[PDB]
Amino acid sequence: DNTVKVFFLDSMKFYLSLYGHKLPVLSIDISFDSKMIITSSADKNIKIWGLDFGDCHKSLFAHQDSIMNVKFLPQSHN
RNA sequence: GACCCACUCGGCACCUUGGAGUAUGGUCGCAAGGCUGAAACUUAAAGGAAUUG
């Protein structure tokens with residue numbers, strides 16, 4: 001049920017429920033310095049997501065059948 | 001008893017002599033406002049559009 005839920009770790013107190021992919025999102029990554037997450041679904045459109053409130057930045061589109069896994073170069077934010 | 005003709009009485013009947021418009025800078029509601037999906041996202045599938053590609 002095409003959503004991404006972010007919980008904390010000291011409490012797990014349901015920090016951010018978010019949506020908008022129109023298919024089951026199947027890969028998540030989190031920025032190396034805890035500032036930006038990357039959600040990716042099977043509608044060929046990844047979304048770079050802001051963190052403080054959950055504002056989407058670029059709902060960008062590639063890989064013309066389906067994204068299967070996204071991962072983070074953990075040195076810079078690429 | 002019936003039929004005809006005249007008369008007569010009573011019947012169901014018959015025939016002939018403020019609104020209309022228009023106008024509204026007011027009061028109140030309202031089609032008002034655009035390819036949907038679709039936004040903080042220029043983003044999918046599926047559609048309507050116009051399509052002699």
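Residues numbered from 1 in each chain as written, not as in the entry; some residues may be left out. Chains lettered and ligands numbered in written order. Part of a larger assembly, values for the part shown. Heavy atoms only, no water.

This deposited entry lists cryo-EM as its structure determination method and 6.0 Å as its resolution.

Caption draft 1: The arrangement of the environment of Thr-39 in detail. Inspection of the secondary structure puts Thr-39 in strand β4 (residues 36-40). Setting aside chain neighbours within four positions, we find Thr-39 in contact with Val-4, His-21, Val-25, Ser-27, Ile-46, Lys-47 and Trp-49. In terms of polar contacts, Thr-39 uses its side chain to reach the side chain of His-21, at 3.1 Å. (Helix = DSSP H or I, 4+ residues; strand = E, 2+ residues; numbered from the N terminus. Contact = heavy atoms within 4.5 Å. Polar contact = N/O pair within 3.5 Å; in protein donor to acceptor, adjacent residues only side chain to side chain.)

Caption draft 2: Molecular detail of the protein's contact with RNA strand B. Near RNA strand B, the surroundings consist of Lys-22, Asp-43, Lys-44, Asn-45, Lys-47, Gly-54, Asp-55, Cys-56, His-57, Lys-58, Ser-59 and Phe-61. Sugar and phosphate atoms represent 65% of those atoms of RNA strand B found within 4 Å of the protein. Separating a phosphate oxygen of RNA strand B from a side-chain N or O atom of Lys-22 is a distance of 2.7 Å. Here a base oxygen of RNA strand B sits 3.0 Å away from a polar atom, N or O, in the side chain of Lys-47. (Near = heavy atom within 4 Å.)

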